[PDB]
Amino acid sequence: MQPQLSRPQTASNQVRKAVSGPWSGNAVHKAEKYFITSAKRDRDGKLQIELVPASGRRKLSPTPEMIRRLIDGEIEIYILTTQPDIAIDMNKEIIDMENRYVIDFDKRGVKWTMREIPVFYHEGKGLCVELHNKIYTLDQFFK
Amino acid sequence: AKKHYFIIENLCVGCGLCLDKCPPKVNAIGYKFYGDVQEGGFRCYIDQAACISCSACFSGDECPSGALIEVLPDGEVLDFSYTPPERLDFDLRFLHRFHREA
Amino acid sequence: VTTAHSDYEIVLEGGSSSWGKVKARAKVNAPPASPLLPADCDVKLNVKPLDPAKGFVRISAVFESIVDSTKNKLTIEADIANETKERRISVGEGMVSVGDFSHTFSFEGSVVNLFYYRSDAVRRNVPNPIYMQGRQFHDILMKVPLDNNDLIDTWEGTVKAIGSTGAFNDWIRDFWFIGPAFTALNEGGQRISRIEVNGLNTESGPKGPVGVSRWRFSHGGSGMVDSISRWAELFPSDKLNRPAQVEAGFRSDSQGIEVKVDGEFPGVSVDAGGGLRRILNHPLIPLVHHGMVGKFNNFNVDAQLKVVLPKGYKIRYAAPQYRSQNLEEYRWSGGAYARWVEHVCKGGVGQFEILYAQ
Amino acid sequence: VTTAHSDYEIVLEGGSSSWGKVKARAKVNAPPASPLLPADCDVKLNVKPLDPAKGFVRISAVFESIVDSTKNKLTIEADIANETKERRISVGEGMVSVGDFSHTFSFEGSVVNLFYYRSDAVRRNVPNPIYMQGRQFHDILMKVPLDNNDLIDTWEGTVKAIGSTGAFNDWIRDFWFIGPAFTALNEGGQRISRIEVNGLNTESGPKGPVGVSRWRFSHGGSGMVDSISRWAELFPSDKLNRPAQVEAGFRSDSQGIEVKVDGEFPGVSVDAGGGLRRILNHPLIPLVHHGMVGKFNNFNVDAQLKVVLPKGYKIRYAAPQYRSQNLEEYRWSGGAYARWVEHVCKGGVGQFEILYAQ
Amino acid sequence: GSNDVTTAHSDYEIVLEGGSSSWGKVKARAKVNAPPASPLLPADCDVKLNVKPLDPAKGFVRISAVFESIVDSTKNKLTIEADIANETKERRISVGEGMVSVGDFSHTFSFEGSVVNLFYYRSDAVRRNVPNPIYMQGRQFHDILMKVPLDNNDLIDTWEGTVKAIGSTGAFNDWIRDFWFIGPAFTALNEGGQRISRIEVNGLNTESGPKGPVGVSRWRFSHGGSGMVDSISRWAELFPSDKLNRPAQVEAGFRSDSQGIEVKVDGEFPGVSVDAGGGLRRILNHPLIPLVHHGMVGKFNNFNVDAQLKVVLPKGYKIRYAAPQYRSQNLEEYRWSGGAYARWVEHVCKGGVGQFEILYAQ
Amino acid sequence: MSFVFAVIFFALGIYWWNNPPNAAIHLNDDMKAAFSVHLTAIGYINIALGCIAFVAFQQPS
Ligand code: BCL
Ligand code: BCL
Ligand code: BCL
Ligand code: BCL
Ligand code: BCL
Ligand code: BCL
Ligand code: BCL
Ligand code: BCL
Ligand code: SF4
Ligand code: SF4
């Protein structure tokens, strides 16, 4: 959308191209939203990252082409911390982080809190996620 | 059952339309506040221990922010029951009738 | 005028079941493109699972027809099962009768369909692949008792032709596709390889000589060929838990076509991913074949489609858009649906996908 | 509006005489599918019996055309006769002229037609066979004088091409079916075998070199090919007791087609048994060939038919049915006949049979 | 009476260049309210072709083509870059590289290509008697040396399947044409006069390149034409490198749909007009293959298309013998609409090849 | 003017019977698309009719 027709402090991350974008796909996502759905270890130590779109029709992999489409501001990748292929103890990490600012009137809101964490690509390290002031990588590390 | 549904407490605006469709006999969906509700401090959650995989919250097609996902039994994460086909778009203006381009 | 009347219905089943009632009727006020008129035909396809242990299904097909006042009939029994993912075996017998002539045949044939590529890049990227190139390899052993004088004369003539004429392997394709069948072969993307005859012989059977023909042929497609592009989709033997029957026919006089078809078979609804089922992608061979005969007259169409979803199921992205949702059943009529019906009657293969979930 | 005027008249003959006066005028207000325009053509066909004891008939066909201001002419005189039920021999000569260029030619040819089968079960159980697959084995010996410089240039080019290139036997089919003739090959179900060249040579003729090309080929059909499925019917040598005439021709511009056809020849109506005569089953290759060009503009049809029977002859079982009879002739116009005319103008081949007797 | 309407709208403009130049601006907008014959819908495509003259010393032109498409929410893309030159009147040589991407998958390629065009005859009698020879039977001989880095696991799988298929099956040489022309592409071969000969595989050898294994494909094929094919009959006229004195671009794209097609075409290239004798120039004869290819897909809905054509001659030029006749002329530009021109538009949209030639002179 | 409009409407109905116009999209969901378009058209027609009534009912005729 044109800069002069948008809310003043809008970055290119939130400025959408394809001027009629909202009706081409889901209107919630300015850019196509992909989810890390599985990260398994088979044969060698390398893990197979599975990028299933929010539409849920395909089962893709990071790949140089989608990496380029990421670093060109066209797609976004999230992990859904409830992912069962996690390495860090997200259930304890989410709970003890909500205990700083959440009062359990329901006594179970913190327990069942799940959120998405975005994934970015530098280059030297692959698809890496920055979580809790530390930069984890999907390759090893974060899984 | 399978195909658990979940709520992302990162897109959810707490509207509770998902809670309206959850069966009262299973309080799967709830509220957490952590602050004032004028700033989105009323997110919703899905109690996976109480959720019985109704599809009611997701198949109702009312989540405005795409927080309901319905992870598929194998690994697939949906976001909305059907998604438009991601079309290439352009403006069609004719040459010297109807429009004149320029 | 030449108005085209047609009513289609789809009564689906929910859950893992892919079954669906398909009954349609059609009226066309146009002359059929048959050089022999009038032509009437009745077809009854009945299938029941013989032994669900390893895939035997008994498929029966009776083709009763009357074309220009000659009575035609073709019954064929066949026990068809999949030995593996890509190989199928059929054992059975049949009969064909024209006028007062009738010869009974028995066969033991195996069809091997091979896709040129099995790339995971295409499979994982394209969620709904339509075109899928490949070949099938038909290995057929058909036996016919030679009791009629006409049968013995045919057998002797064929033996002499194969012995003398060396070009029989590719000249049989001219005889084997009667009239416009040969043109339809290329229209639909099909092409037949030269047959190879592994042996012809006769022996004293239960009552007389029998003509045993061990022959092989293979045909390949560019993607439209629905026998090849979708090999396991056309033969849902795994999801056949009860007998399936299809009764169809048409009364095609010199001034109109009167189509009637019934149906009850699995594979009507296929999963499209993301908990979203769909009506099975429309076969392309029927559309591209009827397009050669459906382009001969300008016609108005009032086509109505019933799609009765199961209890609780809802259609999402019906395109062309449905007219009137009524409880759990849907209607298509006029507008883009009439345009699409004309498009597929004249020869188009435009997509009309009905995605639906619960 | 694209209106297509057309009137048809057939005047039949009494007794066993199968002759008939055929005239037809057409005026189509649509652009022709000709990449070069304006195109015109005048066709004259002359036949005369010279000795029926051995079966010789002298046929002369003259084609004149002016396409894009280029004058074309093709005169062909030939002496054709049935040597046997399947073989014919023609000893003829002619010329072709384009602009200022023109080369005369002579030829002695032999075309033999073989049907794949001769089953009695088919001949008797089908009252009116239409689809009869088979092969025709053309064998042509043409001697063309090499008088012009371009003539000898073509000659050396061709002989060098056949000597050097090994794929001449099938690329000659690509050259030889110029334009959409190659597509019309498959539309009618035809197939051309590799041409067999038995020798190319020259000799010192009466006035110059005469390139003698002895070649042969074979074209096969699926039953639609009228030259194959109607081998005897298309060449009524036996029932030619007087010279026959066909003087047709079309005037075509960038904005319409005008057709003038006149004909008088035997075999117009063929016997059907029990004193019943039917108009010959409509030629099928012309219909399915005009179909490739008759589907480009939507047209409104006002076509009239006039079947004039001799004294004492009446019609029975016409479909589409006639409108008005005058106790001596029958008339078709509009109604279902309009559907059939649009059908056959767009390439449809539905049966419109006329059974008449006394 | 009446029938189904299913109207279609289209505008065409031709802006010719003055002098002896064959250049001309070509733009065409169109909208059809009929379902396309694509079994996967919607199928949107955007096309960009650009050519610039590398050097006039030996006629190399830098040609690029970007095909970016989406079919059923599958984002397809295929980019090519090529340096093509006519080293003689019958042979063409091209060297260049490109890539194709579909969804996640993507693979690049670099090709050394040589195309040789042989007519079956060059008789002078035809040349001196037919002022406008349309049909011209001939053979095209393609010799392609394409190298593809096998970096993806799918590329290595494709190589392993192909090299195992060629050595194990002797029918590969002709069965490759079934995969090659996917779906209607095979059927459209015969209805355009094309004949694809068996490809000869001169060898599939893999060697390590700059970054890893590089699948090398040295294969030739030859496609023959009945004179009905433009890539053979009009081979010299479709590559105006001699008349390319400035960069030429053609940007097109269609928005196919479930109930319609929207088309944009923008072009600027030489060869828009050719000569006809005595200072009489004509718009180039319409290519045969696109007409008879859209014909086998554009005869499924009855339509009453309203089309307007605009031809802007250069200063001092006047149209002589426009057929069908132009509907109006603004003393410098000519306009076609309805009458016999709309009939010809429907004729060519359904696949007809009715000659609509426009001749002009100063 | 009833006879004049009868003739006008008959001719216009003949023309639109033999040459139907295309709004295209209202054909499919005419239940809501064509209905709503005709509803707003009738609304504008009804405002126009109110204006015609206001002007006419005050005229000497
Ligand atoms: C003007 C446009 C008209 C139109 C014009 C025509 C015309 C004209 C014709 C038809 C014909 C047909 N039309 Mg229609 N038709 C229209 C609209 C419709 C509609 C509708 C709106 O609902 C319907 C249902 C139909 C339906 C039909 C069928 C009843 C009929 C073709 C029978 C067929 O399938 O045989 C299937 C044929 C074959 C498969 C035979 C195969 C023969 C070859 C030699 C065998 C190959 C080998 C074989 C495959 C081996 C099998 C072995 C087993 C696999 C083991 N039409 C439009 C409105 N239609 C045709 C007809 O039959 O008329 C009587 C015809 O001529
Ligand atoms: C039609 C396109 C391909 C073709 C594709 C297939 C496919 C696909 C299959 C075969 C199979 C076989 N083929 Mg084959 N085959 C073709 C041409 C031939 C020819 C021939 C003379 O042309 C012959 C003799 C054969 C012979 C054989 C037998 C070995 C066997 C089927 C026997 C049987 O089912 O009988 C009974 C005959 C029929 C049932 C006639 C009805 C056929 C039509 C096409 C079925 C329409 C189904 C309808 C749309 C919905 C059905 C629902 C009802 C519940 C059934 N094929 C053409 C070229 N062939 C089958 C096999 O695997 O054997 C191991 C198989 O699955
Ligand atoms: C796959 C084809 C079906 C079949 C379908 C028909 C049909 C349809 C008809 C006949 C008809 C007849 N059948 Mg039968 N018929 C079959 C098997 C046979 C066999 C045999 C040894 O297997 C014989 C001798 C015959 C004999 C006869 C002919 C003498 C007779 C009329 C001529 C005709 O055109 O036939 C057609 C001949 C064939 C299609 C097959 C001929 C087989 C030859 C003798 C042996 C195989 C040769 C070769 C290896 C197979 C090539 C592939 C075939 C072309 C499919 N049939 C097979 C099972 N048959 C006619 C009839 O019934 O009433 C008039 C007719 O209209
Ligand atoms: C919109 C639909 C319109 C229609 C649209 C068109 C269009 C469009 C066209 C025609 C064309 C034709 N139409 Mg029409 N036409 C319609 C209705 C009619 C009616 C009628 C109602 O009565 C008539 C009489 C015609 C008549 C005609 C023919 C005069 C003409 C084709 C010439 C021809 O056949 O040469 C036959 C040509 C060949 C056989 C040449 C073959 C050349 C090859 C290389 C040689 C092959 C080898 C050869 C067989 C060897 C033979 C050797 C001998 C055996 C010795 N049309 C319908 C109503 N019609 C076509 C035309 O020519 O227009 C000028 C054309 O483009
Ligand atoms: C057309 C379909 C088949 C074909 C089927 C036949 C048939 C059938 C016959 C021949 C015959 C001949 N063919 Mg052959 N043959 C074809 C293509 C060819 C070609 C070529 C370059 O394409 C050539 C050189 C030949 C060569 C020849 C000579 C060997 C021979 C005599 C030529 C002739 O009579 O000319 C004369 C030219 C004409 C008369 C021009 C008119 C042609 C059209 C098709 C006739 C229409 C007749 C009209 C409908 C009604 C006429 C009635 C009036 C009484 C005349 N054929 C095509 C492939 N061929 C004849 C033969 O047997 O010779 C021994 C014969 O009977
Ligand atoms: C069956 C075809 C007719 C014929 C019909 C035409 C037509 C139609 C045309 C010409 C034209 C010409 N003819 Mg001639 N012509 C024939 C026989 C010959 C012979 C020969 C040795 O027999 C020669 C040297 C020529 C010479 C010439 C060419 C130099 C000239 C323009 C090129 C062209 O396209 O022609 C094509 C030539 C042919 C199709 C036959 C070529 C025969 C070759 C030279 C010898 C036979 C070799 C091979 C066995 C033949 C295979 C099948 C043939 C393709 C039919 N003709 C036969 C009698 N000829 C053109 C003209 O007259 O004015 C421009 C033209 O439009
Ligand atoms: C299309 C009909 C024929 C064909 C006719 C030609 C012609 C003609 C040529 C080639 C040429 C090439 N062909 Mg080839 N070729 C075909 C099929 C193939 C196939 C295949 C898998 O099917 C392959 C791999 C090739 C391979 C090649 C390379 C050897 C070579 C250069 C490719 C390139 O630069 O891209 C170029 C492609 C594009 C830029 C994409 C756009 C393609 C379309 C056809 C261009 C439309 C132009 C538009 C109408 C006007 C553009 C004007 C603007 C100024 C650009 N061909 C088909 C069978 N081929 C070229 C050559 O000679 O190399 C030596 C050449 O001139
Ligand atoms: C000439 C065609 C273009 C090309 C255009 C495409 C297109 C379009 C697609 C692919 C796609 C893919 N490409 Mg690629 N691709 C080419 C060259 C190659 C080569 C190689 C050694 O040269 C390889 C291994 C591959 C590998 C792959 C397949 C593994 C993959 C998905 C299956 C598919 O359909 O393949 C297609 C395979 C081919 C068309 C050529 C395969 C080459 C083989 C291995 C070597 C040549 C064999 C033979 C001598 C040449 C045959 C000519 C072809 C039939 C045209 N490509 C050339 C440059 N490629 C898919 C994709 O990108 O995303 C899904 C797809 O849709
Ligand atoms: S419907 Fe969606 S946005 Fe609303 S409360 Fe539920 S999860 Fe949050
Ligand atoms: S699936 Fe059922 S139980 Fe679970 S959150 Fe949704 S409505 Fe509640």
# chains A, B, ... in the order shown; residues from 1 in each chain; ligands from 1

$ closest_atom_pairs --of "chain F" --to "chain C" --cutoff "8 Å" --atoms "only C-alpha atoms" --output "CSV"
residue,atom,partner,partner_atom,distance
F:24,CA,C:335,CA,7.2
F:25,CA,C:335,CA,7.5
F:26,CA,C:335,CA,7.9
F:27,CA,C:335,CA,4.4
F:28,CA,C:335,CA,4.7
F:29,CA,C:323,CA,5.7
F:30,CA,C:323,CA,7.9
F:31,CA,C:323,CA,7.7

$ closest_atom_pairs --of "chain D" --to "ligand 6" --cutoff "6 Å" --atoms "only C-alpha atoms and all ligand atoms" --output "CSV"
residue,atom,partner,partner_atom_place_in_ligand_line,distance
D:96,CA,ligand 6,62 (O),5.3
D:97,CA,ligand 6,62 (O),5.1
D:98,CA,ligand 6,63 (O),4.4
D:101,CA,ligand 6,63 (O),5.6
D:102,CA,ligand 6,62 (O),5.5
D:105,CA,ligand 6,58 (C),5.5
D:142,CA,ligand 6,22 (O),6.0
D:144,CA,ligand 6,22 (O),4.9
D:150,CA,ligand 6,29 (C),5.2
D:151,CA,ligand 6,29 (C),4.5
D:154,CA,ligand 6,29 (C),3.7
D:155,CA,ligand 6,24 (C),4.3
D:158,CA,ligand 6,44 (C),5.2
D:172,CA,ligand 6,54 (C),6.0
D:176,CA,ligand 6,54 (C),5.1
D:197,CA,ligand 6,49 (C),5.6
D:211,CA,ligand 6,21 (C),4.6
D:213,CA,ligand 6,46 (C),5.2
D:215,CA,ligand 6,49 (C),5.2

$ write_last_selection --atoms "N, CA and C atoms" --output "compact mmCIF listing (two decimals), in the first residue's frame"
# COMPACT_ATOMS: atom_id res chain seq x y z
N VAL D 96 -0.57 -28.33 -63.88
CA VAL D 96 -0.86 -27.39 -62.81
C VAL D 96 -0.14 -26.08 -63.13
N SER D 97 -0.81 -24.96 -62.91
CA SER D 97 -0.26 -23.65 -63.23
C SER D 97 -0.52 -22.68 -62.09
N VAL D 98 0.52 -21.95 -61.70
CA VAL D 98 0.41 -20.89 -60.70
C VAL D 98 1.14 -19.66 -61.24
N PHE D 101 4.20 -19.70 -63.77
CA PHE D 101 4.75 -21.05 -63.71
C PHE D 101 3.67 -22.09 -64.02
N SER D 102 4.09 -23.17 -64.68
CA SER D 102 3.19 -24.26 -65.02
C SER D 102 4.01 -25.46 -65.44
N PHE D 105 2.07 -32.92 -66.39
CA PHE D 105 2.45 -34.20 -65.81
C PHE D 105 1.58 -35.30 -66.38
N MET D 142 4.44 -41.21 -61.75
CA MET D 142 4.20 -39.95 -62.44
C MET D 142 5.45 -39.57 -63.22
N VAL D 144 6.90 -36.35 -65.09
CA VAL D 144 6.73 -34.91 -65.20
C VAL D 144 7.86 -34.37 -66.07
N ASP D 150 12.94 -23.79 -62.94
CA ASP D 150 12.46 -24.17 -61.62
C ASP D 150 12.10 -25.64 -61.57
N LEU D 151 11.69 -26.22 -62.70
CA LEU D 151 11.38 -27.65 -62.73
C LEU D 151 12.61 -28.49 -62.44
N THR D 154 13.69 -28.03 -58.79
CA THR D 154 12.93 -28.91 -57.91
C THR D 154 13.42 -30.34 -58.03
N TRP D 155 13.73 -30.79 -59.25
CA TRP D 155 14.13 -32.18 -59.46
C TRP D 155 15.43 -32.50 -58.73
N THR D 158 14.98 -32.41 -54.94
CA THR D 158 14.29 -33.59 -54.41
C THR D 158 15.18 -34.82 -54.42
N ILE D 172 8.18 -36.20 -45.70
CA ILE D 172 7.39 -35.89 -46.88
C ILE D 172 5.92 -35.79 -46.51
N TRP D 176 3.91 -32.56 -47.23
CA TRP D 176 2.94 -32.94 -48.25
C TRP D 176 1.52 -32.57 -47.85
N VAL D 197 9.61 -45.21 -51.99
CA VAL D 197 10.10 -44.71 -53.26
C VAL D 197 10.81 -45.85 -53.97
N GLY D 211 11.32 -36.27 -65.53
CA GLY D 211 11.58 -36.90 -64.25
C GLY D 211 10.50 -37.90 -63.91
N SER D 213 8.99 -40.40 -61.44
CA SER D 213 8.98 -40.72 -60.02
C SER D 213 8.05 -41.90 -59.79
N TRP D 215 6.77 -44.10 -56.96
CA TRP D 215 6.68 -44.13 -55.51
C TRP D 215 5.37 -44.80 -55.13

$ residues_near_ligand --ligand "ligand 8" --cutoff "7 Å" --atoms "only C-alpha atoms and all ligand atoms" --output "compact mmCIF listing (two decimals) with N, CA, C and O atoms, in the first residue's frame"
# COMPACT_ATOMS: atom_id res chain seq x y z
N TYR C 117 7.47 -39.76 -13.81
CA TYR C 117 8.21 -39.22 -12.68
C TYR C 117 7.38 -39.37 -11.41
O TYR C 117 6.15 -39.41 -11.46
N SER C 119 8.25 -37.23 -8.61
CA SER C 119 8.97 -36.17 -7.92
C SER C 119 8.19 -35.71 -6.70
O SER C 119 6.98 -35.44 -6.77
N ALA C 121 8.96 -32.88 -5.26
CA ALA C 121 8.86 -31.43 -5.39
C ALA C 121 7.50 -31.01 -5.93
O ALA C 121 6.90 -30.06 -5.44
N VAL C 122 7.01 -31.72 -6.95
CA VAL C 122 5.70 -31.41 -7.50
C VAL C 122 4.60 -31.83 -6.53
O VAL C 122 3.62 -31.11 -6.32
N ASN C 125 4.33 -29.44 -3.59
CA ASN C 125 4.01 -28.06 -3.96
C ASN C 125 2.60 -27.92 -4.50
O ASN C 125 1.88 -27.00 -4.11
N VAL E 100 13.74 -21.95 -12.74
CA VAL E 100 12.31 -22.19 -12.58
C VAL E 100 12.04 -22.48 -11.11
O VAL E 100 12.77 -23.25 -10.47
N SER E 101 11.01 -21.85 -10.55
CA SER E 101 10.64 -22.04 -9.15
C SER E 101 9.15 -22.30 -9.05
O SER E 101 8.34 -21.60 -9.65
N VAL E 102 8.79 -23.32 -8.27
CA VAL E 102 7.40 -23.69 -8.03
C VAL E 102 7.24 -23.93 -6.54
O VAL E 102 7.80 -24.89 -6.00
N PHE E 105 10.17 -25.45 -4.28
CA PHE E 105 11.20 -25.95 -5.19
C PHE E 105 11.67 -24.86 -6.15
O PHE E 105 10.90 -23.99 -6.56
N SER E 106 12.95 -24.93 -6.50
CA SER E 106 13.53 -24.04 -7.49
C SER E 106 14.84 -24.65 -7.98
O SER E 106 15.61 -25.19 -7.18
N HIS E 107 15.07 -24.57 -9.29
CA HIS E 107 16.34 -25.02 -9.85
C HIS E 107 16.71 -24.14 -11.02
O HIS E 107 15.86 -23.77 -11.83
N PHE E 109 19.29 -23.23 -14.45
CA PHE E 109 19.84 -23.95 -15.59
C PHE E 109 20.62 -22.97 -16.45
O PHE E 109 20.35 -21.77 -16.47
N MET E 146 22.11 -28.22 -22.03
CA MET E 146 21.64 -27.55 -20.83
C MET E 146 22.27 -28.19 -19.60
O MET E 146 22.36 -29.42 -19.52
N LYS E 147 22.72 -27.36 -18.67
CA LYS E 147 23.37 -27.81 -17.45
C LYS E 147 22.58 -27.30 -16.25
O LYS E 147 22.31 -26.10 -16.14
N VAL E 148 22.21 -28.21 -15.35
CA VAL E 148 21.39 -27.90 -14.19
C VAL E 148 22.13 -28.36 -12.94
O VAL E 148 22.40 -29.56 -12.79
N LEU E 150 22.57 -29.93 -9.57
CA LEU E 150 21.73 -30.85 -8.80
C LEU E 150 22.00 -30.66 -7.30
O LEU E 150 22.58 -31.51 -6.63
N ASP E 154 15.56 -33.18 -4.60
CA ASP E 154 14.64 -33.55 -5.67
C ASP E 154 15.33 -33.55 -7.03
O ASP E 154 15.01 -34.38 -7.89
N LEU E 155 16.26 -32.62 -7.24
CA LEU E 155 17.03 -32.60 -8.48
C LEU E 155 17.86 -33.87 -8.63
O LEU E 155 17.92 -34.46 -9.72
N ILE E 156 18.52 -34.29 -7.56
CA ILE E 156 19.29 -35.53 -7.59
C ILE E 156 18.36 -36.71 -7.83
O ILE E 156 18.70 -37.65 -8.56
N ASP E 157 17.17 -36.68 -7.23
CA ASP E 157 16.19 -37.74 -7.48
C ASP E 157 15.72 -37.73 -8.92
O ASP E 157 15.54 -38.79 -9.53
N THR E 158 15.51 -36.54 -9.50
CA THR E 158 15.12 -36.47 -10.91
C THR E 158 16.22 -37.04 -11.80
O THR E 158 15.93 -37.80 -12.74
N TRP E 159 17.48 -36.71 -11.51
CA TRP E 159 18.59 -37.27 -12.27
C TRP E 159 18.65 -38.79 -12.15
O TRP E 159 18.81 -39.50 -13.15
N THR E 162 15.89 -40.32 -14.17
CA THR E 162 16.02 -40.16 -15.61
C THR E 162 17.12 -41.05 -16.18
O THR E 162 16.92 -41.73 -17.20
N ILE E 176 9.26 -39.78 -24.19
CA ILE E 176 9.59 -38.50 -23.56
C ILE E 176 8.64 -37.41 -24.04
O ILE E 176 8.40 -36.43 -23.33
N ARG E 177 8.09 -37.56 -25.24
CA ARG E 177 7.18 -36.56 -25.77
C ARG E 177 5.85 -36.54 -25.02
O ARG E 177 5.15 -35.53 -25.05
N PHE E 179 5.48 -36.99 -21.59
CA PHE E 179 5.74 -36.14 -20.44
C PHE E 179 6.02 -34.71 -20.86
O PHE E 179 5.61 -33.76 -20.18
N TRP E 180 6.71 -34.54 -21.99
CA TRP E 180 7.19 -33.24 -22.42
C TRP E 180 6.04 -32.26 -22.63
O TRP E 180 6.11 -31.11 -22.20
N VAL E 201 19.29 -38.54 -27.15
CA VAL E 201 20.06 -38.21 -25.96
C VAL E 201 21.52 -38.55 -26.25
O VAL E 201 21.88 -39.74 -26.28
N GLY E 215 24.09 -31.51 -13.43
CA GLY E 215 23.55 -32.40 -14.45
C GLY E 215 23.64 -31.76 -15.82
O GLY E 215 23.09 -30.67 -16.05
N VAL E 216 24.33 -32.42 -16.73
CA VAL E 216 24.54 -31.93 -18.09
C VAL E 216 23.69 -32.77 -19.04
O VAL E 216 23.76 -34.00 -19.02
N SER E 217 22.90 -32.10 -19.86
CA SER E 217 22.01 -32.76 -20.81
C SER E 217 22.35 -32.27 -22.21
O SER E 217 22.05 -31.13 -22.57
N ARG E 218 22.97 -33.14 -23.01
CA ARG E 218 23.22 -32.89 -24.42
C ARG E 218 22.25 -33.72 -25.23
O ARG E 218 22.48 -34.91 -25.46
N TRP E 219 21.16 -33.10 -25.66
CA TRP E 219 20.11 -33.80 -26.39
C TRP E 219 19.64 -32.94 -27.55
O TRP E 219 19.61 -31.71 -27.47

$ residues_around --residues "residue 1 of chain A" --least-positions-apart "4" --cutoff "12 Å" --atoms "only C-alpha atoms" --output "list in words"
residues 5, 6, 7, 10, 11, 12, 13, 14, 15, 16, 17, 18, 19, 20, 21, 22 and 30 of chain A

$ closest_atom_pairs --of "chain D" --to "ligand 5" --cutoff "6 Å" --atoms "only C-alpha atoms and all ligand atoms" --output "Markdown table"
| residue | atom | partner | partner_atom_place_in_ligand_line | distance |
| --- | --- | --- | --- | --- |
| D:45 | CA | ligand 5 | 55 (C) | 4.9 |
| D:46 | CA | ligand 5 | 55 (C) | 5.8 |
| D:47 | CA | ligand 5 | 54 (C) | 5.8 |
| D:61 | CA | ligand 5 | 39 (C) | 5.1 |
| D:76 | CA | ligand 5 | 36 (C) | 5.9 |
| D:78 | CA | ligand 5 | 34 (O) | 5.9 |
| D:80 | CA | ligand 5 | 64 (C) | 5.5 |
| D:88 | CA | ligand 5 | 64 (C) | 4.2 |
| D:89 | CA | ligand 5 | 64 (C) | 3.7 |
| D:90 | CA | ligand 5 | 64 (C) | 4.1 |
| D:109 | CA | ligand 5 | 29 (C) | 3.6 |
| D:110 | CA | ligand 5 | 64 (C) | 4.5 |
| D:111 | CA | ligand 5 | 62 (O) | 4.8 |
| D:138 | CA | ligand 5 | 29 (C) | 5.7 |
| D:139 | CA | ligand 5 | 29 (C) | 5.8 |
| D:140 | CA | ligand 5 | 29 (C) | 4.9 |
| D:227 | CA | ligand 5 | 8 (C) | 4.3 |
| D:244 | CA | ligand 5 | 54 (C) | 4.9 |
| D:245 | CA | ligand 5 | 53 (C) | 5.6 |
| D:246 | CA | ligand 5 | 53 (C) | 5.3 |
| D:265 | CA | ligand 5 | 54 (C) | 4.9 |

$ residues_around --residues "residue 68 of chain C" --least-positions-apart "2" --cutoff "12 Å" --atoms "only C-alpha atoms" --output "list in words"
residues 34, 35, 36, 37, 38, 39, 40, 41, 65, 66, 70, 71, 72, 99, 252, 253 and 254 of chain C; 125, 126, 127, 128, 129, 130, 350, 351, 352 and 353 of chain D

$ select_by_dssp --residues "segment 193-310 of chain D" --states "helix (DSSP H, G or I)" --output "list in words"
residues 226, 227, 228, 229, 284, 285, 286, 287, 288, 289 and 290 of chain D
